[PDB]
$ cat data-v5.txt   # compact mmCIF, C-alpha atoms and all ligand atoms
# COMPACT_ATOMS: atom_id res chain seq x y z
CA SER A 30 108.51 98.01 91.44
CA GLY A 31 104.71 98.27 91.29
CA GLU A 32 103.52 96.17 94.28
CA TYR A 33 102.03 98.02 97.26
CA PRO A 34 105.03 99.18 99.39
CA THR A 35 105.78 97.80 102.76
CA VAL A 36 108.22 98.58 105.56
CA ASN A 37 110.73 96.16 104.09
CA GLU A 38 110.85 98.60 101.25
CA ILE A 39 110.43 101.68 103.42
CA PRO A 40 113.19 102.80 105.73
CA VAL A 41 111.90 105.15 108.33
CA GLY A 42 112.26 108.66 106.90
CA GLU A 43 111.42 107.77 103.27
CA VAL A 44 108.06 108.03 101.59
CA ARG A 45 106.54 106.15 98.68
CA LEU A 46 103.49 106.95 96.61
CA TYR A 47 101.13 104.40 95.03
CA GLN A 48 98.73 105.24 92.23
CA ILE A 49 95.26 104.10 93.27
CA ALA A 50 93.15 105.58 90.43
CA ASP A 51 93.24 108.53 88.08
CA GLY A 52 94.11 111.52 90.28
CA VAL A 53 94.28 109.42 93.48
CA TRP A 54 97.42 108.20 95.23
CA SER A 55 98.18 106.75 98.59
CA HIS A 56 101.29 107.73 100.49
CA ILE A 57 103.16 105.21 102.61
CA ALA A 58 105.77 105.91 105.30
CA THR A 59 107.18 104.07 108.29
CA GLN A 60 107.72 105.14 111.85
CA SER A 61 109.02 103.78 115.16
CA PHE A 62 106.69 103.84 118.16
CA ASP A 63 107.39 102.20 121.51
CA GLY A 64 110.24 100.23 119.98
CA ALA A 65 108.38 98.70 117.01
CA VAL A 66 108.24 99.82 113.36
CA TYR A 67 104.93 100.35 111.60
CA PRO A 68 103.81 101.40 108.12
CA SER A 69 101.01 103.91 107.67
CA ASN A 70 98.97 105.27 104.80
CA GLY A 71 97.55 108.60 103.73
CA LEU A 72 95.86 109.89 100.59
CA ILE A 73 96.56 112.45 97.85
CA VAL A 74 93.74 113.63 95.59
CA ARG A 75 94.14 115.84 92.55
CA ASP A 76 92.10 119.05 92.94
CA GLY A 77 92.40 120.67 89.49
CA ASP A 78 95.95 121.99 89.35
CA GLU A 79 96.40 121.60 93.09
CA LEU A 80 96.48 118.63 95.50
CA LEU A 81 94.45 117.77 98.60
CA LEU A 82 96.38 115.76 101.18
CA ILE A 83 94.70 113.38 103.62
CA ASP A 84 96.83 112.74 106.75
CA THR A 85 100.48 113.39 107.47
CA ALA A 86 103.20 110.76 106.97
CA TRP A 87 103.59 110.19 110.75
CA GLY A 88 106.25 112.63 111.88
CA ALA A 89 107.89 115.88 110.90
CA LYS A 90 110.77 114.45 108.90
CA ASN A 91 108.53 111.88 107.19
CA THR A 92 106.10 114.68 106.25
CA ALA A 93 108.91 116.81 104.80
CA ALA A 94 109.95 113.74 102.78
CA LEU A 95 106.32 113.33 101.67
CA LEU A 96 106.22 116.86 100.26
CA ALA A 97 109.51 116.21 98.41
CA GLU A 98 108.21 112.92 97.00
CA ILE A 99 105.01 114.63 95.79
CA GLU A 100 107.09 117.28 94.03
CA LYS A 101 109.16 114.60 92.34
CA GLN A 102 106.32 112.30 91.30
CA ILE A 103 103.38 114.64 90.75
CA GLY A 104 104.66 118.20 90.63
CA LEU A 105 101.48 120.00 91.73
CA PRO A 106 101.26 122.04 94.93
CA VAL A 107 99.64 120.65 98.06
CA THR A 108 97.31 123.43 99.15
CA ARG A 109 95.13 121.83 101.83
CA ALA A 110 95.36 118.89 104.21
CA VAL A 111 92.76 117.09 106.31
CA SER A 112 93.70 114.95 109.32
CA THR A 113 91.27 112.12 109.93
CA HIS A 114 91.86 111.75 113.70
CA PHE A 115 94.12 113.09 116.43
CA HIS A 116 96.91 110.47 116.60
CA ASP A 117 100.49 111.21 115.46
CA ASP A 118 100.10 109.11 112.29
CA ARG A 119 97.46 111.67 111.20
CA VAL A 120 98.60 115.02 112.66
CA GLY A 121 102.33 114.50 113.30
CA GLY A 122 103.77 116.69 110.60
CA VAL A 123 101.03 119.34 110.60
CA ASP A 124 103.61 121.94 111.77
CA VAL A 125 105.79 121.04 108.72
CA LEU A 126 102.73 121.34 106.44
CA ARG A 127 101.75 124.68 107.96
CA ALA A 128 105.29 126.08 107.49
CA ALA A 129 105.21 124.94 103.88
CA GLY A 130 102.05 127.02 103.33
CA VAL A 131 99.54 124.12 103.39
CA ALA A 132 96.21 124.99 105.04
CA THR A 133 95.52 122.26 107.64
CA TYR A 134 92.05 121.13 108.66
CA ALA A 135 90.39 118.71 111.09
CA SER A 136 87.10 118.39 112.93
CA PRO A 137 86.73 120.30 116.20
CA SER A 138 86.68 116.92 117.95
CA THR A 139 90.08 116.03 116.48
CA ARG A 140 91.50 119.47 117.27
CA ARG A 141 90.39 119.25 120.94
CA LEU A 142 91.80 115.72 121.35
CA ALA A 143 95.09 116.67 119.66
CA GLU A 144 95.42 119.72 121.92
CA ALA A 145 94.69 117.78 125.06
CA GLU A 146 97.21 115.05 124.19
CA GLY A 147 100.00 117.42 123.17
CA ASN A 148 99.92 116.49 119.48
CA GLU A 149 100.19 118.91 116.57
CA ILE A 150 96.99 120.83 115.95
CA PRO A 151 95.47 121.53 112.49
CA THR A 152 94.62 125.20 111.99
CA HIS A 153 91.07 125.09 110.69
CA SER A 154 87.93 123.44 112.05
CA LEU A 155 85.65 121.28 109.89
CA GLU A 156 82.05 121.86 111.01
CA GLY A 157 79.15 119.73 109.94
CA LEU A 158 80.67 116.42 111.03
CA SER A 159 79.69 116.14 114.69
CA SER A 160 76.90 113.52 114.40
CA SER A 161 77.37 109.97 113.09
CA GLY A 162 76.23 109.79 109.48
CA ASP A 163 77.22 113.39 108.77
CA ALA A 164 78.95 114.18 105.47
CA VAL A 165 80.43 117.32 103.94
CA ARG A 166 82.24 118.11 100.71
CA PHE A 167 85.88 119.20 100.76
CA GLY A 168 87.31 119.78 97.31
CA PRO A 169 87.28 116.51 95.34
CA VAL A 170 86.31 114.35 98.34
CA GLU A 171 83.43 113.75 100.72
CA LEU A 172 84.29 113.58 104.42
CA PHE A 173 82.08 111.26 106.49
CA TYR A 174 81.84 110.79 110.23
CA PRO A 175 80.76 107.15 110.81
CA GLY A 176 80.68 107.25 114.60
CA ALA A 177 83.22 106.15 117.17
CA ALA A 178 85.47 103.27 116.06
CA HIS A 179 89.27 103.33 116.22
CA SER A 180 88.81 106.71 117.92
CA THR A 181 85.80 108.86 118.76
CA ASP A 182 86.77 111.45 116.14
CA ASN A 183 87.75 109.23 113.19
CA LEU A 184 86.67 110.42 109.76
CA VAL A 185 86.54 108.49 106.52
CA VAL A 186 87.08 110.00 103.08
CA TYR A 187 85.40 109.09 99.78
CA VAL A 188 86.64 110.10 96.32
CA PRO A 189 83.44 110.04 94.19
CA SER A 190 85.22 110.35 90.84
CA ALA A 191 87.00 107.04 91.45
CA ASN A 192 84.84 105.25 94.02
CA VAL A 193 87.80 105.17 96.39
CA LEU A 194 87.00 104.74 100.11
CA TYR A 195 89.80 105.81 102.42
CA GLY A 196 88.84 104.29 105.76
CA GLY A 197 91.75 105.57 107.79
CA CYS A 198 92.40 103.76 111.04
CA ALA A 199 88.74 102.73 111.42
CA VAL A 200 89.49 100.15 108.70
CA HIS A 201 92.08 97.38 108.85
CA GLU A 202 93.81 95.44 106.13
CA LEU A 203 92.72 91.88 105.26
CA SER A 204 95.84 90.21 106.69
CA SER A 205 95.37 91.76 110.09
CA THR A 206 94.82 89.44 113.04
CA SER A 207 94.16 92.04 115.72
CA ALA A 208 92.57 95.43 115.75
CA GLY A 209 95.75 97.53 115.99
CA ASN A 210 96.18 100.15 118.69
CA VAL A 211 92.81 100.25 120.43
CA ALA A 212 93.74 102.50 123.36
CA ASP A 213 91.33 105.24 122.22
CA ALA A 214 88.79 102.97 120.51
CA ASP A 215 85.15 102.16 121.20
CA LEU A 216 85.10 98.40 120.47
CA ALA A 217 81.35 98.13 121.11
CA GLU A 218 80.43 100.97 118.71
CA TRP A 219 83.03 100.14 116.04
CA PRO A 220 80.95 97.47 114.21
CA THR A 221 77.97 99.85 114.07
CA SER A 222 80.22 102.56 112.68
CA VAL A 223 81.54 100.14 110.05
CA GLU A 224 77.97 99.18 109.16
CA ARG A 225 77.25 102.90 108.58
CA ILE A 226 80.23 103.09 106.21
CA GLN A 227 79.01 100.02 104.32
CA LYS A 228 75.53 101.49 103.93
CA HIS A 229 76.78 104.88 102.83
CA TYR A 230 79.39 103.73 100.30
CA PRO A 231 78.09 100.53 98.68
CA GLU A 232 79.75 101.30 95.36
CA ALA A 233 83.27 101.64 96.74
CA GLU A 234 85.75 99.84 94.51
CA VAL A 235 88.99 100.35 96.44
CA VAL A 236 89.12 100.47 100.24
CA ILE A 237 92.31 101.85 101.85
CA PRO A 238 93.07 101.08 105.52
CA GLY A 239 95.00 103.40 107.80
CA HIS A 240 97.85 100.87 107.87
CA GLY A 241 98.56 98.14 105.33
CA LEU A 242 97.34 96.94 101.97
CA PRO A 243 94.33 98.35 100.07
CA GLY A 244 91.65 95.95 98.87
CA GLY A 245 87.95 95.93 98.19
CA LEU A 246 84.79 96.17 100.29
CA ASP A 247 85.78 93.01 102.20
CA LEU A 248 88.08 95.13 104.37
CA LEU A 249 84.99 96.54 106.05
CA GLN A 250 83.52 93.22 107.17
CA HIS A 251 86.95 91.90 108.06
CA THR A 252 87.48 94.95 110.29
CA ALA A 253 84.22 94.31 112.12
CA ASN A 254 85.29 90.67 112.56
CA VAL A 255 88.70 91.45 114.02
CA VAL A 256 87.28 94.09 116.32
CA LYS A 257 84.53 91.75 117.64
CA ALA A 258 87.15 89.08 118.38
CA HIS A 259 89.41 91.61 120.10
CA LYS A 260 86.56 92.84 122.34
CA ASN A 261 85.74 89.22 123.19
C1 LIG B 1 100.12 106.54 116.20
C2 LIG B 1 99.16 105.74 117.08
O1 LIG B 1 99.24 106.27 118.37
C3 LIG B 1 98.26 105.69 119.17
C4 LIG B 1 98.22 106.24 120.56
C5 LIG B 1 97.44 105.40 121.51
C6 LIG B 1 97.82 105.47 123.01
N1 LIG B 1 98.29 106.78 123.49
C7 LIG B 1 99.46 107.12 122.64
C8 LIG B 1 99.34 106.99 121.14
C9 LIG B 1 99.75 104.31 117.04
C10 LIG B 1 100.99 103.96 117.62
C11 LIG B 1 101.51 102.66 117.40
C12 LIG B 1 100.84 101.68 116.66
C13 LIG B 1 99.55 102.01 116.13
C14 LIG B 1 98.62 101.30 115.35
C15 LIG B 1 98.74 99.89 114.84
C16 LIG B 1 99.24 98.86 115.61
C17 LIG B 1 99.30 97.59 115.05
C18 LIG B 1 98.94 97.28 113.75
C19 LIG B 1 99.06 95.86 113.18
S1 LIG B 1 97.53 94.92 113.49
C20 LIG B 1 96.16 95.71 112.64
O2 LIG B 1 97.60 93.59 112.92
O3 LIG B 1 97.23 94.94 114.93
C21 LIG B 1 98.47 98.33 112.98
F1 LIG B 1 98.05 98.17 111.67
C22 LIG B 1 98.40 99.62 113.51
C23 LIG B 1 97.59 102.19 115.10
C24 LIG B 1 96.26 101.91 114.47
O4 LIG B 1 95.69 100.82 114.82
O5 LIG B 1 95.66 102.84 113.87
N2 LIG B 1 97.87 103.37 115.65
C25 LIG B 1 99.08 103.32 116.29
ZN ZN B 2 94.91 106.22 115.50
ZN ZN B 3 96.49 104.47 112.89

$ encode --input "data-v5.txt" --output "structure tokens" --more "lines below"
Ligand SMILES: C[C@H](OCC1CCNCC1)c1cccc2c(-c3ccc(CS(C)(=O)=O)c(F)c3)c(C(=O)O)[nH]c12
Ligand SMILES: [Zn+2]
Ligand SMILES: [Zn+2]
Amino acid sequence: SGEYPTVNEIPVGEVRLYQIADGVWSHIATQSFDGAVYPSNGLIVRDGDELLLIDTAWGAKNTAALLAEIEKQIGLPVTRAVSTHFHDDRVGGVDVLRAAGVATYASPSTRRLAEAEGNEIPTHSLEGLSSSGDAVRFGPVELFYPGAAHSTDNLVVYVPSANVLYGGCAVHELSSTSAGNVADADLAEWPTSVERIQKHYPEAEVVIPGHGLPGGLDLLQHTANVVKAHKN
């Protein structure tokens, strides 16, 4: 009823949308992995009379439910999707998107990692993002490669019209007490990558983590803090 949705409100298989700003929504879904249930976020950005999707809803059936929820709540076609790294909470559902006529994109680094791991593979390669600090435009967003953090390929997304920073899994929510699933992370580089985000996007007004509650710029420093304490 207006608060940011959580698992307790999200059975696995259902998707909720949350209005972040004019023409910007997050999507929230839940999934089981290794016997525990997790929420995860993605982004939807209005692109004229079409929509740009950032990240799947973590699974094929969740992603089908996402498309149905978008039709119900927004009613504009999703034409393109970008996956911000290679894990199943970002690419699981790309086959559903592709069969629904959505053009799917990711960096070559994400595509290679997805392929090697056996995850779903976005169709199109996003060049221009291979060095830390790189940025490119993609419809109504800027894509930014901050360097290795949660994964070596993680991208962040900025919505300039609304000063919305979508950190993806490189950014954690304020209530977090650990740095999430760090199996593919670079804990030593992560703070430097966060510092690059902070320098590049100092006017961000909303910061959205890959999992959990949006907040403000404090999510960035908090993420560095939890990662440094994990490493140590
Ligand atoms: C789909 C992804 O696959 C990872 C692979 C690694 C090893 N090879 C197989 C798959 C995955 C699976 C399960 C959990 C997570 C999480 C995760 C875990 C805990 C918390 C709560 S917290 C901040 O307080 O620790 C949280 F927010 C997020 C994250 C993430 O951190 O991005 N990613 C996850
Ligand atoms: Zn991940
Ligand atoms: Zn994640």

$ atom_distance --input "data-v5.txt" --atom1 "atom CA of residue A:149" --atom2 "atom CA of residue A:175"
23.4 Å

$ residues_near_ligand --input "data-v5.txt" --ligand "ligand LIG 1 (chain B)" --cutoff "6 Å" --atoms "all atoms listed in the file" --output "PyMOL selection string"
chain A and resi 62+116-118+198+201+205-210+212+240

$ residues_around --input "data-v5.txt" --residues "residue A:56" --least-positions-apart "4" --cutoff "8 Å" --atoms "only C-alpha atoms" --output "PyMOL selection string"
chain A and resi 44-47+70-73+86+95

$ closest_residue --input "data-v5.txt" --among "A:99, A:184, A:50, A:83" --to "residue A:157" --atoms "all atoms listed in the file"
A:184

$ atom_distance --input "data-v5.txt" --atom1 "atom CA of residue A:109" --atom2 "atom CA of residue A:127"
9.5 Å

$ closest_residue --input "data-v5.txt" --among "A:227, A:91, A:35, A:154" --to "residue A:187" --atoms "all atoms listed in the file"
A:227

$ residues_around --input "data-v5.txt" --residues "residue A:202" --least-positions-apart "3" --cutoff "8 Å" --atoms "only C-alpha atoms" --output "PyMOL selection string"
chain A and resi 205+237-238+240-244+248+251-252

$ residues_around --input "data-v5.txt" --residues "stretch 162-174 of chain A" --least-positions-apart "5" --cutoff "8 Å" --atoms "all atoms listed in the file" --output "mmCIF file with C-alpha atoms, in the frame of the given file"
data_model
loop_
_atom_site.group_PDB
_atom_site.id
_atom_site.type_symbol
_atom_site.label_atom_id
_atom_site.label_comp_id
_atom_site.auth_asym_id
_atom_site.auth_seq_id
_atom_site.Cartn_x
_atom_site.Cartn_y
_atom_site.Cartn_z
ATOM 1 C CA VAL A 74 93.740 113.630 95.590
ATOM 2 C CA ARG A 75 94.140 115.840 92.550
ATOM 3 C CA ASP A 76 92.100 119.050 92.940
ATOM 4 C CA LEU A 81 94.450 117.770 98.600
ATOM 5 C CA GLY A 157 79.150 119.730 109.940
ATOM 6 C CA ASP A 182 86.770 111.450 116.140
ATOM 7 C CA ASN A 183 87.750 109.230 113.190
ATOM 8 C CA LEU A 184 86.670 110.420 109.760
ATOM 9 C CA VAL A 185 86.540 108.490 106.520
ATOM 10 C CA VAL A 186 87.080 110.000 103.080
ATOM 11 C CA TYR A 187 85.400 109.090 99.780
ATOM 12 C CA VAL A 188 86.640 110.100 96.320
ATOM 13 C CA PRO A 189 83.440 110.040 94.190
ATOM 14 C CA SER A 190 85.220 110.350 90.840
ATOM 15 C CA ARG A 225 77.250 102.900 108.580
#

$ residues_around --input "data-v5.txt" --residues "residue A:236" --least-positions-apart "4" --cutoff "9 Å" --atoms "all atoms listed in the file" --output "PDB file with C-alpha atoms, in the coordinates of the input"
ATOM      1  CA  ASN A 192      84.840 105.250  94.020  1.00  0.00           C
ATOM      2  CA  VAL A 193      87.800 105.170  96.390  1.00  0.00           C
ATOM      3  CA  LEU A 194      87.000 104.740 100.110  1.00  0.00           C
ATOM      4  CA  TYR A 195      89.800 105.810 102.420  1.00  0.00           C
ATOM      5  CA  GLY A 196      88.840 104.290 105.760  1.00  0.00           C
ATOM      6  CA  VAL A 200      89.490 100.150 108.700  1.00  0.00           C
ATOM      7  CA  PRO A 243      94.330  98.350 100.070  1.00  0.00           C
ATOM      8  CA  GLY A 244      91.650  95.950  98.870  1.00  0.00           C
ATOM      9  CA  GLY A 245      87.950  95.930  98.190  1.00  0.00           C
ATOM     10  CA  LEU A 246      84.790  96.170 100.290  1.00  0.00           C
ATOM     11  CA  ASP A 247      85.780  93.010 102.200  1.00  0.00           C
ATOM     12  CA  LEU A 248      88.080  95.130 104.370  1.00  0.00           C
ATOM     13  CA  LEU A 249      84.990  96.540 106.050  1.00  0.00           C
TER      14      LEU A 249
END

$ atom_distance --input "data-v5.txt" --atom1 "atom CA of residue A:61" --atom2 "atom CA of residue A:128"
23.9 Å

$ build_atoms --input "data-v5.txt" --residues "stretch 31-44 of chain A" --atoms "N, CA and C atoms" --output "mmCIF file, in the coordinates of the input"
data_model
loop_
_atom_site.group_PDB
_atom_site.id
_atom_site.type_symbol
_atom_site.label_atom_id
_atom_site.label_comp_id
_atom_site.auth_asym_id
_atom_site.auth_seq_id
_atom_site.Cartn_x
_atom_site.Cartn_y
_atom_site.Cartn_z
ATOM 1 N N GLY A 31 106.115 98.441 91.637
ATOM 2 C CA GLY A 31 104.710 98.270 91.290
ATOM 3 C C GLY A 31 103.814 97.591 92.317
ATOM 4 N N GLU A 32 104.345 96.759 93.212
ATOM 5 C CA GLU A 32 103.520 96.170 94.280
ATOM 6 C C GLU A 32 103.307 97.202 95.382
ATOM 7 N N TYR A 33 102.291 97.001 96.222
ATOM 8 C CA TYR A 33 102.030 98.020 97.260
ATOM 9 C C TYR A 33 103.210 98.004 98.241
ATOM 10 N N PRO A 34 103.800 99.171 98.594
ATOM 11 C CA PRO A 34 105.030 99.180 99.390
ATOM 12 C C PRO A 34 104.775 98.841 100.830
ATOM 13 N N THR A 35 105.787 98.205 101.382
ATOM 14 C CA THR A 35 105.780 97.800 102.760
ATOM 15 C C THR A 35 107.051 98.356 103.406
ATOM 16 N N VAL A 36 107.062 98.215 104.728
ATOM 17 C CA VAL A 36 108.220 98.580 105.560
ATOM 18 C C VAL A 36 109.505 98.043 104.963
ATOM 19 N N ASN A 37 109.512 96.765 104.598
ATOM 20 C CA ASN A 37 110.730 96.160 104.090
ATOM 21 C C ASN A 37 111.276 96.972 102.939
ATOM 22 N N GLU A 38 110.409 97.713 102.283
ATOM 23 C CA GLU A 38 110.850 98.600 101.250
ATOM 24 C C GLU A 38 110.923 100.008 101.737
ATOM 25 N N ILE A 39 110.514 100.299 102.973
ATOM 26 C CA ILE A 39 110.430 101.680 103.420
ATOM 27 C C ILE A 39 111.245 101.890 104.688
ATOM 28 N N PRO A 40 112.470 102.358 104.549
ATOM 29 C CA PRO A 40 113.190 102.800 105.730
ATOM 30 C C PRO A 40 112.442 103.934 106.390
ATOM 31 N N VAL A 41 112.556 104.018 107.702
ATOM 32 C CA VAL A 41 111.900 105.150 108.330
ATOM 33 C C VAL A 41 112.583 106.425 107.840
ATOM 34 N N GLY A 42 111.780 107.419 107.491
ATOM 35 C CA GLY A 42 112.260 108.660 106.900
ATOM 36 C C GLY A 42 112.008 108.808 105.413
ATOM 37 N N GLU A 43 111.675 107.729 104.708
ATOM 38 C CA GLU A 43 111.420 107.770 103.270
ATOM 39 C C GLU A 43 109.941 107.668 103.015
ATOM 40 N N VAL A 44 109.481 108.176 101.859
ATOM 41 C CA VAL A 44 108.060 108.030 101.590
ATOM 42 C C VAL A 44 107.885 107.502 100.183
#
